[PDB]
Amino acid sequence: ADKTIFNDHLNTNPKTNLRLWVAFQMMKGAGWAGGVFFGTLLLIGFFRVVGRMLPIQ
Amino acid sequence: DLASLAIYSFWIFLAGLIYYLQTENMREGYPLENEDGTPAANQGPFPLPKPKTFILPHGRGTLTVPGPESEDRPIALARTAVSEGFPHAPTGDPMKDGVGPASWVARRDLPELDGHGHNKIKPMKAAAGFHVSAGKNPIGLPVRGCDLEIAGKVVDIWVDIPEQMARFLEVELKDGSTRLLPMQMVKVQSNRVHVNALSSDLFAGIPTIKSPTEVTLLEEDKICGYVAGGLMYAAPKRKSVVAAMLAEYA
Amino acid sequence: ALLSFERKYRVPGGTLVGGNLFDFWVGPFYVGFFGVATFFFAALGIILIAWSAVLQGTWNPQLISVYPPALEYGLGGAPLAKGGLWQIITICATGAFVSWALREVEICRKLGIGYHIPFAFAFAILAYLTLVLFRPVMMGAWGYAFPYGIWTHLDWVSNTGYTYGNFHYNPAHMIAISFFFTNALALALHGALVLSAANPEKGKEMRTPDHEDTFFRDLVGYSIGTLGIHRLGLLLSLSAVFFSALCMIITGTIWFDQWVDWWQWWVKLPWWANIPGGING
Amino acid sequence: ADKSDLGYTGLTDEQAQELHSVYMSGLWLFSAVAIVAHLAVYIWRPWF
Amino acid sequence: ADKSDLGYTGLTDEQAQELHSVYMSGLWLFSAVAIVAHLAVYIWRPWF
Amino acid sequence: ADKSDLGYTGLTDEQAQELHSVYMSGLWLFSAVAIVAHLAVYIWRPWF
Amino acid sequence: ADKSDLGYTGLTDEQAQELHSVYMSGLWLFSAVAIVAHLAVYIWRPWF
Amino acid sequence: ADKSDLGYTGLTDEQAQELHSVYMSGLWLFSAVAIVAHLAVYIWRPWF
Amino acid sequence: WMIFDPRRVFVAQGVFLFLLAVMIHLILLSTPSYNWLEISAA
Amino acid sequence: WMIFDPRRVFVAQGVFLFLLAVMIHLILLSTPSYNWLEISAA
Amino acid sequence: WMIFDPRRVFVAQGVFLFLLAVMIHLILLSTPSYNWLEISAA
Amino acid sequence: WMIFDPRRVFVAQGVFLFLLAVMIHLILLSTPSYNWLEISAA
Amino acid sequence: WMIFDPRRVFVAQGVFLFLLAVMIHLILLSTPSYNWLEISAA
Amino acid sequence: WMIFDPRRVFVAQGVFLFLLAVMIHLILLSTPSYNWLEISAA
Amino acid sequence: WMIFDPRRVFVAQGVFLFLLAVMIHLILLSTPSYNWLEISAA
Ligand code: BCL
Ligand code: BCL
Ligand SMILES: CC[C@H]1c2cc3[nH]c4c(c3C)C(=O)[C@H](C(=O)OC)c4c3nc(cc4[nH]c(cc(n2)[C@@H]1C)c(C(C)=O)c4C)[C@@H](C)[C@@H]3CCC(=O)OC/C=C(\C)CCC[C@H](C)CCC[C@H](C)CCCC(C)C
Ligand SMILES: CC[C@H]1c2cc3[nH]c4c(c3C)C(=O)[C@H](C(=O)OC)c4c3nc(cc4[nH]c(cc(n2)[C@@H]1C)c(C(C)=O)c4C)[C@@H](C)[C@@H]3CCC(=O)OC/C=C(\C)CCC[C@H](C)CCC[C@H](C)CCCC(C)C
Ligand SMILES: [Fe+2]
């Protein structure tokens, strides 16, 4: 629960990595996305991913 | 005139305009002082000018500037390198001696004055100008510190008129002993507030404003500087803070 | 050397993971982790004014030239002074643009002044890029670029700037000029919005932000305050560049033709279509 | 009308329960409508 | 240990066994030893 | 020392501290180094 | 806590073990390594 | 944590555990990665 | 959190299908292969 | 540790050899009279 | 005394000479008439 | 039962498909009339 | 550890990407009609 | 819920079509193949 | 104050007399008669 030195834990089964980590921290990494890592991806990454069978003649 | 004349009243009358201008920006701050209180290395190629008379907006004296420059206020850095260059480190904890990222200064006991005959910054229980009388109105919600835990409850606003603005967000403690905190760092989204500067168990270390309605210019230095104190150290070293202090976007 | 109050501010850190290995204050200058980086970038860069001073011709930065590559060599290199040696100058330039705007953070995290400054040089990072990377990678080769000089890229912008007819017909360009003449439009009154109160005419008592509200409301009918014209300098000085990097990210790579021929897409409308009116009529 | 119930937002967990359902479950009323009208354009008129 | 006044620092013998013991390394290996490089110089080649 | 279950070993959670930095990030930056190369290889110059 | 005398820090005995083993060794591990490597540098190729 | 001696740090004998595998064989096999390559680039085709 | 819903996400279901439908229909309304609209002329 | 091993030479030397690799790719792959893979046409 | 020994005595000589040697090479390469690979191209 | 679960079940499917797929790639490379960039040649 | 870390994927996968890249080099560097680095004189 | 009803269902739903109907009829006013009223002679 | 001492002579004065020297030379080294460097043969 506490080491006194700082504000986290060593291991222990429950309580620790229980409903932190993937719950609160990098929650912005996906909400900001769907528009930045999805919106800049409709005419550039596809611009170079079809070239594989067609230009081969 | 001619084809070769006018570019010379310029390579001269302005070739000293970085010179004349620099000194006029080198009023405050200079002279240079060492790491103790000593006539330091020098000043530069554009040394500081001897100041002219400064008249103040509400009769605050003959405060010429550059003005007070000596060692009035307390400083507490244990000189690691006696040689001038390598940095210095505070005594105990750096957020008690007031050294490093958290800065303040000692001034005269006359707060910032406007022209109406009254002070500058007052709460909403010091100006019955704009109120609450339609629908449900949000002036009273819980908060959260950088430790990712609830910190207090803010239920008031310090009003402004000339700028029609805001400067502080007052926190009602469990008790009532006053505390303060800046305005631009804040990052509020829905129904709870999140500050990412100070932990929720280091808010009492922020001075109680001598008056809950007045901010003297003496007080307005640490009160908006303690949060900067937690923008440098915070926080060694492992786990949650690494997923809190780093990354982010805004 | 350091200032008088520069006593309490002296504290090690600021840099990220590794330690305080590079953060030694050499004089009035900051040599953080990106401090010795720019020391590495500024030392090699003075030689880049002197290299093509024996390959292209003259030794004086009046006509010194390390030209960009040709237009058609492909996705690759070049000769040398005419591209190859040009291809090395950029990643120092830009490698030095970067090691400067981000050595500020070793001072930003060092104290607690805001992170809106690793940013106002990043409209300069996104304004020099649009002439070295954004353009010449797609239309053929790195040959679509300007020279680095101070009189070479001059006769490159004018007598070699009418490829698109006139560039005033370029609407965003002209809006990124409807954004530029407005920079010193709001530095000329704001650089004089703090000057004349302790020095009114001589002796008089100093003004406060209520006289500001009887001088500028006695000026031009709009007084957003004093924090509305630092949101009125950082509104004059960063954007005349994204309206110019957009005046050119669809100019030449899509429109290498007359932009004087763009102002006939406006007169074409079903209402007044077959109709010559004025001047045109 | 969004995804679930009062109130939203919302929510905790969230993000692991918001941006996985607006493109697949909000598209479960569309992707099934897409499944059909794509097999006819596997021949007309890709090959003219 | 911190200081206060002119002209520390300074001071001594942090100035005596330090500053005296490093500055002449920049004021000899380049003052009279720089006239030892003048050897292959003063005759080569001012006179043609 | 070994344990019991699956993977154990494992070694939960040595299955998510060493199968992450060089297994995922090793092969994801083996996918961020291989896919990109193709984009100067696919057409230069199999088309001739 | 910081001390007083000459000079700190530090750190006697470290005037001949720290400031002479990785300080005066530079006057050798490259200063003389120049003199040997220059026997293959000074003559390439100032003489054509 | 740190010592006082030399290298300390160091950190004997990690001065010879972390500066033996990646430092010694580091500038040794890179003298077999960068140098052995020279032997096929000296002349093909700088000789033109 | 960190993704609005009462203000942002409501417009991402009602008209996101309206857009990515007709926005791809734009370039294929007068083309020399597929067609299937302006064929109605003979 | 005298030098820093997992800092100055694990991702800072991998780009230190990357320091002297590609800047010369724009000198030796350059040169106005070499090439020996480009001029397969003239 | 002072300065550094476990910090800044093995690094004030690594990239310092790289800031004085490997970028000094670019002067003896700013030549193309000498040069250890551009002698032939004269 | 028996065999190996913490041993020969993640190594019996790593050099077994690579010994049935990538070695099989060579026979569909044994084409030079098919082949996924030799079509330009034939 | 399901598989071996400092044994099967610190240099053994280094001869897995290396076992693929170079066996095909002498197919793509080769070929009777591609080259674009050999056929520049004749 | 979440977004306002009498500002997207009553009258603002009417401008989801008001200008959305006048736009498609601002493309086919100067068009011959349809027209259907521009000429009313015979 | 006003004028200190023990910093100017180390890094500034050495390049003040040098700065007072430099804007003088490139004219007397390049006057129609003087020069005194290049000419020593004829
Ligand atoms: C010296 C040679 C020419 C000349 C050289 C140039 C060049 C070069 C430029 C202009 C530009 C402009 N010139 Mg001029 N111009 C001259 C000197 C003048 C004088 C004057 C003598 O006092 C005036 C009043 C003007 C007027 C103008 C502006 C209309 C225009 C952009 C100014 C701006 O962005 O500021 C911002 C602040 C303002 C108060 C201006 C805002 C007013 C409105 C919004 C702008 C109207 C322009 C156009 C109609 C855009 C439509 C407006 C929309 C409704 C928003 N010019 C002389 C006659 N001028 C720029 C331009 O955009 O070309 C037309 C341009 O690049
Ligand atoms: C034919 C003549 C045309 C024309 C020719 C061109 C050409 C050519 C160009 C423009 C470009 C622009 N023109 Mg025009 N232009 C005209 C005349 C004008 C007039 C005018 C009133 O006369 C104005 C106001 C403008 C304004 C504009 C902008 C829309 C645009 C500028 C982009 C830019 O510079 O950002 C870029 C910002 C930077 C480069 C700053 C970056 C800072 C970097 C990171 C730091 C550098 C450090 C440095 C190396 C160190 C030096 C300091 C030392 C230490 C001392 N033009 C006429 C109409 N114009 C440019 C453009 O549109 O493309 C973007 C462009 O190429
Ligand atoms: C919209 C963005 C506008 C902007 C903003 C801006 N510029 C800024 C900053 C900001 C916030 C700084 O903080 C920084 C500064 O120090 O303040 C002045 C800066 C700055 N703007 C500068 C210049 C500059 N900015 C310009 C433009 C702009 N700056 C835009 C108008 C221009 C013009 C007229 O286009 C110039 C010339 C520098 C004084 C300074 C950048 C300081 C810096 O980052 O230094 C790093 C450089 C080195 C370490 C040198 C190494 C480089 C190589 C050795 C040689 C480079 C080769 C290159 C071709 C140089 C040639 C220069 C000219 C001949 C073109
Ligand atoms: C140092 C050079 C910079 C500079 C400086 C500068 N500009 C300045 C000033 C200064 C010191 C001012 O003092 C003055 C000012 O007051 O700023 C707000 C100004 C100014 N610079 C302006 C624009 C401007 N700035 C420019 C640029 C620059 N000015 C540089 C960046 C330019 C260029 C590039 O040419 C222009 C055109 C104005 C915003 C302002 C000039 C104020 C002025 O003279 O206007 C007088 C008022 C009128 C003419 C009112 C009439 C309005 C219309 C003409 C009539 C139609 C509307 C009317 C409402 C009809 C409707 C009927 C109604 C009755 C209902
Ligand atoms: Fe201002």
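The numbering scheme counts residues from 1 along every chain following its written sequence, independent of the entry's numbering, with residues that lack coordinates not shown. Lettering of chains starts at A and numbering of ligands starts at 1, both following the order in which they are written. Here we see some chains out of a larger assembly; the values all refer to those chains and nothing more. Computation of side-chain values covers all heavy atoms of the structure but excludes hydrogens and water.

Method information in the entry identifies X-ray crystallography as the source of the structure, with 7.78 Å recorded as the resolution.

In this section: the overall build of chain I. Strands are runs of DSSP state E lasting at least 2 residues, helices are runs of H or I lasting at least 4, and numbering of each runs from the N terminus. Helix and strand counts for chain I come out as one helix and zero strands. Based on the C-alpha atoms only, the size of chain I along its principal axes is roughly 55 × 15 × 10 Å. Relative to its 42 residues, chain I shows a buried fraction of 10%. Method for areas: the Shrake-Rupley scheme with a 1.4 Å probe, in which residue coverage is limited to the protein chains shown. Total accessible area computed for chain I in this model is approximately 3,300 Å², and 72% of it derives from carbon and sulfur atoms. Between buried and exposed lies partly exposed: a residue is buried under 20% and exposed over 50% of the maximum accessible area for its type, with that area taken using a 1.4 Å probe on protein chains only.

Below, the discussion takes up the packing of aromatic side chains. Only the six-membered ring of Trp is used, alongside the rings of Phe and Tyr, when aromatic pairs are assigned; centres must lie within 6.5 Å, and planes under 30 degrees apart are stacked while those over 60 apart are edge-to-face, with the rest tilted. Enumeration according to the criterion identifies 39 aromatic pairs over all chains in this entry. Centre to centre, the rings of C:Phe146 and C:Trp156 are 6.3 Å apart; their planes meet at 50 degrees, and the pair counts as tilted. Of this pair, C:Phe146 sits in the loop between α4 (125–128) and α5 (171–175) while C:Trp156 sits in the loop between α4 and α5, placing them 10 residues apart in sequence. A relative accessible area of 15% means that C:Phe146 is categorised as buried. Taken together, the ring pairs connect C:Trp86, C:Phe97, C:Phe121, C:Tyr128, C:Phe146, C:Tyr148 and C:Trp156 into an aromatic cluster. Ring-over charges, as used throughout, are those where CZ of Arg or NZ of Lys falls within 6 Å of the ring centre and within 35 degrees of the ring normal. The ring of E:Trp47 is capped by E:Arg45, whose NZ or CZ atom sits 3.8 Å from the centre of that ring.

Let's shift gears to the interface of chain C and chain B. Contacts between the two partners involve 31 residues from chain C, matched on the other side by 39 residues from chain B. Buried area: the accessible area, evaluated with a 1.4 Å probe, that two parts lose upon being put together, summed over both parts. A per-residue breakdown of the area chain C buries against chain B is headed by C:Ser4, C:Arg7 and C:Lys8, which together make up 22% of the total. What makes a salt bridge here is a side-chain nitrogen of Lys or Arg within 4 Å of a carboxyl oxygen of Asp or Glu, nothing more. Taken together, the connections running from chain C to chain B amount to two salt bridges. Taking the shortest distance from any N to any O, the salt bridge between B:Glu35 and C:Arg10 comes out at 3.1 Å. A 3.5 Å cut-off defines polar contacts: any pair of N or O atoms within that distance qualifies, except that in protein one atom must be a possible hydrogen donor and the other a possible acceptor, and neighbouring residues in sequence count only when both atoms are side-chain atoms. The interface formed by chain C and chain B holds 10 residue pairs in polar contact in total. When its residues are assigned to classes, the side of chain C that touches chain B shows 14 nonpolar, six polar and 11 charged. By definition in these notes, contact holds between two residues if any of their heavy atoms fall within 4.5 Å. Under the grouping applied here, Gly and all other residues not named as nonpolar or charged are polar, the nonpolar ones being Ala, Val, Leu, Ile, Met, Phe, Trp, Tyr, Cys and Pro and the charged ones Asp, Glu, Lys and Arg.

We now examine helix α2 (residues 86–101) of chain C. Residues and elements named next belong to chain C. Here, expected helix span is obtained from the residue count minus one, scaled by 1.5 Å. The end-to-end C-alpha distance of α2 is 24 Å, a good match for the 22 Å that 16 residues give at a rise of 1.5 Å each. Restricting attention to buried positions, one finds in α2 the residues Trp86, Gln87, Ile88, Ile89, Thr90, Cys92, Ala93, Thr94, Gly95, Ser99 and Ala101. On the buried face of α2, the contacting elements are α1 (35–45), α3 (105–108) and α4.

Quick look at the coordination of the magnesium atom of ligand 2 now. Only nitrogen, oxygen and sulfur atoms count as donors, using a 2.8 Å cut-off from the metal that widens to 3.2 Å for Na, K and Ca. Water is left out, so coordination shells may look unfilled. On the protein, C:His173 (NE2) is the one donor atom to the magnesium atom of ligand 2, at 2.5 Å. Of note, C:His173 is situated in helix α5.

Turning our eyes to something else, we now look at the site of ligand 3. Residue and element names in this part refer to chain C. Any residue with a heavy atom lying within 4 Å of a molecule or strand is counted as near it. Close to ligand 3 lie 16 residues; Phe41, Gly45, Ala120, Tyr148 and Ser237 are nearest. When isolated, ligand 3 has an accessible area of 1,300 Å², and the protein chains bury 49% of it. If you list the elements that add at least two residues to the shell around ligand 3, you get α1 and α2. In terms of residue count, α1 provides more of the shell around ligand 3 than any other element does, four residues in total. Looking at the shell around ligand 3 residue by residue, the classes come out as 12 nonpolar, four polar and no charged. A domain-level breakdown of the shell around ligand 3 finds at least three residues from each of domain 1 (1–163) and domain 2 (164–263). How far each domain reaches was decided by an automatic or database domain assignment.

Moving on: the nonpolar core. If you look at the biggest cluster of nonpolar residues, it comprises 29 residues, and the most contacted ones within it are C:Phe22, C:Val36, C:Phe40, C:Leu44, C:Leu85 and C:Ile88. Counting only elements with at least two residues in this core, the list comes to α1 and α2 of chain C. Grouping buried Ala, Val, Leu, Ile, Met, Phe, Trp, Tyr and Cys residues that are joined through side-chain atoms within 4.5 Å yields what is termed a nonpolar core. Formed by 13 residues, the second largest nonpolar core is a distinct cluster that contains B:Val195, B:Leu198, B:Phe203 and B:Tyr226.

The subject of this paragraph is the environment of B:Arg79. Mapped onto the secondary structure, B:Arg79 falls in the loop between β1 (77–78) and β2 (89–90). We classify B:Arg79 as buried; its relative accessible area is 0%. With 12 residues separating them in the primary sequence, B:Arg79 and B:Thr91 have C-alpha atoms 9.7 Å apart. In this view, B:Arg79 contacts B:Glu35, B:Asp36, B:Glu84, B:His88, E:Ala1, E:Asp2, E:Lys3, E:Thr9 and G:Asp2; residues no more than four positions away in its chain are not counted. At 2.9 Å, the side chain of B:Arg79 forms a polar contact with the side chain of B:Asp36.

Moving on to the UniProt feature "transmembrane region" in chain B. As recorded in UniProt, the feature "transmembrane region" lies at residues 2–21 of chain B. Segment residues 2–21 of chain B splits into 20% helix and 0% strand. End C-alpha atoms: 30 Å apart. UniProt positions are given in the numbering used here, feature names are shortened, and annotations may be inferred rather than shown by experiment.

All names here are of chain C. Surrounding ligand 4, one finds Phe181, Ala184, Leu185, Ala188, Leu189 and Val220. Notes on ligand 4: free accessible area 1,300 Å², of which the protein chains cover 22%. Tallied by class, residues from the shell around ligand 4 come to six nonpolar, no polar and no charged.

Attention shifts here to the domain arrangement of chain B. All names here are of chain B. What the domain assignment reports for chain B is domain 1 (2–106) and domain 2 (107–238). Counting residues at the interface gives 15 residues for domain 1, matched by 18 residues for domain 2. Contact between domain 1 and domain 2 buries roughly 1,400 Å² in total, counting both sides, with carbon and sulfur atoms accounting for 63%. Inspection of the region where domain 1 meets domain 2 yields zero salt bridges. Of the residues belonging to the side of domain 1 that touches domain 2, the class tally is 11 nonpolar, three polar and one charged.

Of all 34 pairs of chains sharing an interface, the pair with the highest contact count is chains B and C. Between chain D and chain G there is no contact, and the shortest C-alpha to C-alpha distance separating them is 48 Å. Regarding chain F and chain I, the two do not touch, and the least distance separating their C-alpha atoms is 26 Å.

Let us look at the UniProt feature "transmembrane region" in chain I. The UniProt entry lists residues 9–29 of chain I under the feature "transmembrane region", expressed in the numbering used here. What you have in residues 9–29 of chain I is 33% helix and 0% strand, and the ends, taken at the C-alpha atoms, are 31 Å apart.

All names here are of chain I. Per the UniProt record, the feature "binding site: a bacteriochlorophyll" sits at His25. Inspection of the secondary structure puts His25 in the segment after α1 (16–22). By relative accessible area, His25 is classed as partly exposed at 36%.

This part takes up the sheet that holds strand β3 (residues 141–142) of chain B. Residues and elements named next belong to chain B. One requirement defines pairing of two strands: DSSP has to find at least two bridges between them. The strand order across the open sheet built from three strands is β3-β4-β5, with neighbouring strands paired in antiparallel fashion. Two strands bound the open sheet, and with one partner strand each, they are β3 and β5 (171–172). Relative to β5, strand β4 (residues 153–154) is paired through two bridges, and the arrangement is antiparallel. For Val154, the partnering residue across the bridge sits in β5 and is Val171.

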